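Q: Just the structure for this:
(2 chains)
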Amino acid sequence: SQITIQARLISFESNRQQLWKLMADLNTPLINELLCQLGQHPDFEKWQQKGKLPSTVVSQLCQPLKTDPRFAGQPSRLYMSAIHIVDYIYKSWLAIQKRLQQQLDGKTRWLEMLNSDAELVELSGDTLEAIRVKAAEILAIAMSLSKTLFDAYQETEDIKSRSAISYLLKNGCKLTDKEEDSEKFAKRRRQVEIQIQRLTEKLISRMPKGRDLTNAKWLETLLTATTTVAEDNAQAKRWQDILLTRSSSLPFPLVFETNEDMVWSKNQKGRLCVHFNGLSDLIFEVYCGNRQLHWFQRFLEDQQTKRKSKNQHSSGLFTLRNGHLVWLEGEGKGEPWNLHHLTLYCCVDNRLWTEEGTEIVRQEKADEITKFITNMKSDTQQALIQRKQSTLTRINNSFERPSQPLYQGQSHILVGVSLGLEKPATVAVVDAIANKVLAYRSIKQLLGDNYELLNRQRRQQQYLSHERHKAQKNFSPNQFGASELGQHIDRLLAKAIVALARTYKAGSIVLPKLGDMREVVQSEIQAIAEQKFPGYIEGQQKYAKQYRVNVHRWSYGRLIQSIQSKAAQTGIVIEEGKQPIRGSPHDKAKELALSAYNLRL
DNA sequence: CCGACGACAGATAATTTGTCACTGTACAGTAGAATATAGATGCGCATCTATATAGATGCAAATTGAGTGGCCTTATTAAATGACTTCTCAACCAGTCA
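A: Numbers count the residues shown, from 1 in each chain, chains lettered A, B, ... in the order given. Structure as follows:
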């Protein structure tokens, strides 16, 4: 449901320079608090096993750095911004590492389980029919299915008769009469080996890096490498890998996770202003287009409404949720605080705009807070329960807000969206009780006046990829791509799909479980290419470049998110299902929506 | 002296020619014409022949499009572009101050 809106902040130099000095000084303990985990912390491998960072460890590394002679000059809210960012860095990276570990194991199982029909006969000492009969018994026992069969191979080895359980699993949890081609099986088993290899490589990841602004390592390395002689090829390359590294120009943003830690006001000139907790001397002026101003007026109205009411209304329902203050990169020459541009990005929960939507968040938080208090039931823990119960009481007192009746769709009408390489979207609206398609749309309809933009995107990707190649050979800085055009097209389709869902009173939009299509294609094309260029690895990589590149450029996750966002701002439910391997783009969309309807029970 | 033969002259019927009177006989519608044959020549109709085939067939290059087979450098770092995944996104109470 959340959105991010933005404004540039304007102030006189003294204020934009003082804030830069604090952020160039704050950017450094964001580096030192990474290193205090990256190599200093002894428990680190226990966290990599569990997949989660302990909720207090970054604060317990930061608390003694608050008096460090290098870091002591900063407000209490700038240290909380440091702790926030470093918590979110590790809390992300450990959660990436854990899903990779789980995938590697979850296929190391399957590379053991996957056997040819002849190997099952040898391993069982029995007929492939005896295996078909035992596979029929195992389905009769089971009737969670695929997991239950995996568990019944992980348990219940059963005098190697788990051979028949692998026979079900390789057949997609079904009986098969046909006996398989050993060349097709060799390609299949090789794809798993490739996925296993690729996972054992990706299992090791570069320990998350800090944004060093100082150039000190680079300058020290330059004067070392030019005046001294390396003792090894490894040392001479270690200096090369440092000297090639581009250094950052921007400090990490400030994060203000409490909405009240931004204070709003109106300037004499009638313009809006803002100030931050601990920087309450530095008034900043808001500059934003009238297409976004209504939120910045709402910020000040939410604040005035609470202050006019003796704090009896809660910022648990303030339209602003959190702010990220960032320096966007400028152009040309000048001091960093005169060259770059302070920009304030406000997280906003869009459903807090209206009274009917605010009531949803009131019920959502009142249920979550009630459960929290009953799960809790020590000294400061009682003070925390005072924060919570003052919220649980205050959240019932309403802000005066715009009214708009909630959208309601028919529980039987669904929009199916089918994504692919040639057709980025294609739509079928199904009445699932009639089994009747109400409408279909192809791309030429689904973004209408804008259909020239798909042809533009394909021209621009091809044109600009060649210009980047020509530019790199000359060391030109000019490096451009179609990324913002692809982002616009994915947003045009997201608006049109939801406008169509509203038009037909659909209860939900259905999006495919595409999963990691990029890795799957990379393994399939490799297992095939190894049969056509054996030993010539450069020829294996050249086999289907344009197909592999087009799959790595395929924006399916960004279109899926663009539709999710616009649907949840409108109130339409999102649902999911398996996308058919065969059929036209329409048939894919039709069967996808009907499948998601069948999954209701 | 007697008998036989030739010269010359003289007389004479046969022969030829002419004249004269009496008479048998053709004139009377009448033989070119009829009736066979061989032998050569010419016009007509049939009965072969020798030339003249164009259509059909067999075959043998002459490409012609469509296949198939054989031969190939690779591993790190850094930057750029295009993508994917994960994480995060409290709110009021307690201690100073003009």
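
Q: make it CA atoms for all contacts and neighbour counts henceforth
A: OK.

Q: Show me the strands in the stretch 301-450 of chain A, by range?
A: A:320-328, A:341-349, A:410-417, A:427-431, A:436-441 (DSSP state E, counting those that start in this stretch).

Q: now the angle from the fourth one to strand A:436-441?
A: Yep, that's strand A:427-431 we're talking about. Here the directions of strand A:427-431 and strand A:436-441 differ by 160 degrees (axes from the mean of the first three to the mean of the last three Cα atoms, to 10 degrees).

Q: just to revisit the earlier point, pipe the strands of the stretch 301-450 of chain A into TSV and attach mean neighbour count per row.
A: As requested, the strands of the stretch 301-450 of chain A are exported to TSV (neighbours: other Cα atoms under 10 Å):
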stretch	mean neighbour count
strand A:320-328	20
strand A:341-349	20
strand A:410-417	25
strand A:427-431	25
strand A:436-441	15
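
Q: Looking at the ones you listed, which is nearest to DNA strand B?
A: Across those, DNA strand B has its closest neighbour in strand A:320-328 (4.2 Å, Cα to the nearest atom of the strand).

Q: Tell me which other helices or strands the closest one touches.
A: On a contact count with 3 or more Cα pairs under 8 Å, 6 or more residues apart in numbering; DSSP states H and E, strand A:320-328 meets strand A:254-256, strand A:341-349.

Q: Export those as a markdown table, with columns for distance to residue A:304.
A: Listed next are the helices and strands packed on strand A:320-328 as a markdown table, based on distance: least, Cα to Cα, whole Å:
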| stretch | distance to residue A:304 |
| --- | --- |
| strand A:254-256 | 20 |
| strand A:341-349 | 18 |
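
Q: In the stretch 101-250 of chain A, which residue sits nearest DNA strand B?
A: Closest point on the stretch 101-250 of chain A to DNA strand B, by Cα to the nearest atom of the strand, is residue A:245, at 3.4 Å.

Q: Look up which helix or strand that residue falls in, please.
A: Using DSSP states H and E, residue A:245 sits within no helix or strand.

Q: that older thread, let's have the strands of the stretch 301-450 of chain A in TSV, adding distance to residue A:396.
A: Shown next, in TSV, are the strands of the stretch 301-450 of chain A (distance: least, Cα to Cα, whole Å):
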stretch	distance to residue A:396
strand A:320-328	18
strand A:341-349	18
strand A:410-417	31
strand A:427-431	40
strand A:436-441	43
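
Q: Around DNA strand B, pick out the residues from the stretch 401-550 of chain A.
A: Residues of the stretch 401-550 of chain A lying close to DNA strand B (Cα under 7 Å from any atom of the strand) are A:468, A:479-484, A:486-487, A:515-516, A:532-539.

Q: Can you select the buried ones from those residues in PyMOL?
A: The buried residues among those can be selected in PyMOL (16 or more other Cα atoms under 10 Å) with this line:
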select buried, chain A and resi 468+481+482+486
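
Q: Take the residues of the stretch 401-550 of chain A next to DNA strand B and keep only those in helices.
A: Among these, the members falling in helices (DSSP state H) are A:468, A:483-484, A:486-487, A:532, A:537-539.

Q: Going by distance to residue A:412, which of those wins?
A: Among those, residue A:487 lies closest to residue A:412 (Cα to Cα), at 31.6 Å.

Q: what sits against that closest one?
A: Neighbouring residues of residue A:487 by Cα atoms under 8 Å, 6 or more residues apart in numbering: residue A:558.

Q: mind running it again at 10 Å?
A: By Cα atoms under 10 Å, 6 or more residues apart in numbering, the contact set of residue A:487 is A:555, A:558-559, A:562.

Q: Over to residue A:196?
A: Taking Cα under 10 Å, 6+ apart, we find residue A:196 in contact with A:103-108, A:110-111, A:190, A:202, A:523.

Q: State the distance from it to residue A:186.
A: 15 Å (Cα to Cα, to the nearest Å).

Q: Kindly report the same for residue A:58.
A: Distance from residue A:58 to residue A:186, by Cα to Cα: 49 Å.

Q: cool, and residue A:552?
A: Per Cα to Cα, residue A:552 is found 26 Å from residue A:186.

Q: cool, residue A:488 as well?
A: For residue A:488, the distance to residue A:186 (Cα to Cα) stands at 43 Å.

Q: So what's the gap between the one helix or strand residue A:21 maps to and the chain middle?
A: Using DSSP H and E, residue A:21 sits in helix A:13-38. In terms of Cα atoms, centre = their mean, to the nearest Å, the centre of helix A:13-38 is set 26 Å apart from its chain centre.

Q: same for that helix, what does it pack against?
A: Packing partners of helix A:13-38 (3 or more Cα pairs under 10 Å, 6 or more residues apart in numbering; DSSP states H and E): helix A:57-62, helix A:76-113, strand A:254-256, strand A:320-328, helix A:336-339, strand A:341-349.

Q: Report the secondary structure state of residue A:176.
A: Classification of residue A:176 using DSSP: H, G, I helix; E, B strand; the rest coil returns coil.

Q: show me what contacts it?
A: Residue A:176 sits in contact with A:132, A:135, A:167-168, A:170, where contact means Cα under 10 Å, 6+ apart.

Q: now, which of those sits nearest residue A:257?
A: residue A:170 (48.9 Å).

Q: Next, count neighbours for the nearest residue to the closest one once chain neighbours are set aside.
A: Among residues not flanking residue A:170 along the chain, residue A:114 sits closest, at 7.0 Å (Cα to Cα, 6 or more residues apart in numbering). Neighbour count of residue A:114, defined by other Cα atoms under 10 Å: 19.

Q: need the contact list for residue A:114.
A: Residue A:114 is in contact with A:120, A:163, A:166-167, A:169-170, A:185, A:188-189, A:192, counting by Cα under 10 Å, 6+ apart.

Q: Can you get me the start-to-end distance on stretch A:60-78?
A: Stretch A:60-78 has an end-to-end distance of 16 Å (Cα to Cα).

Q: So it, near DNA strand B or not?
A: No - judged by Cα under 7 Å from any atom of the strand, stretch A:60-78 stays clear of DNA strand B, getting no closer than 10.3 Å.

Q: From residue A:326, how far off is the closest residue to residue A:20 other than its chain neighbours?
A: Closest residue to residue A:20 apart from its sequence neighbours, by Cα to Cα, 6+ apart: residue A:337 at 6.1 Å. Residue A:337 sits 12 Å away from residue A:326, going by Cα to Cα.

Q: and if you look at residue A:237?
A: 35 Å.

Q: for residue A:551, same thing?
A: From residue A:551 over to residue A:326 the distance is 33 Å, taken as Cα to Cα.

Q: Repeat that for residue A:420.
A: Separation of residue A:420 from residue A:326 (Cα to Cα): 36 Å.

Q: and the stretch 151-300 of chain A, which residues reach DNA strand B?
A: With the criterion set to Cα under 7 Å from any atom of the strand, the stretch 151-300 of chain A comes near DNA strand B through A:241-242, A:244-247, A:257-259.

Q: shouldn't residue A:319 be in contact with residue A:295?
A: Yes - Residue A:319 is within contact range of residue A:295, at 8.0 Å (criterion: Cα atoms under 10 Å).

Q: Give me the buried subset of the contacts of residue A:196.
A: Using 16+ other Cα under 10 Å as the burial test, the contacts of residue A:196 include A:104, A:107, A:110-111, A:190, A:523 as buried.
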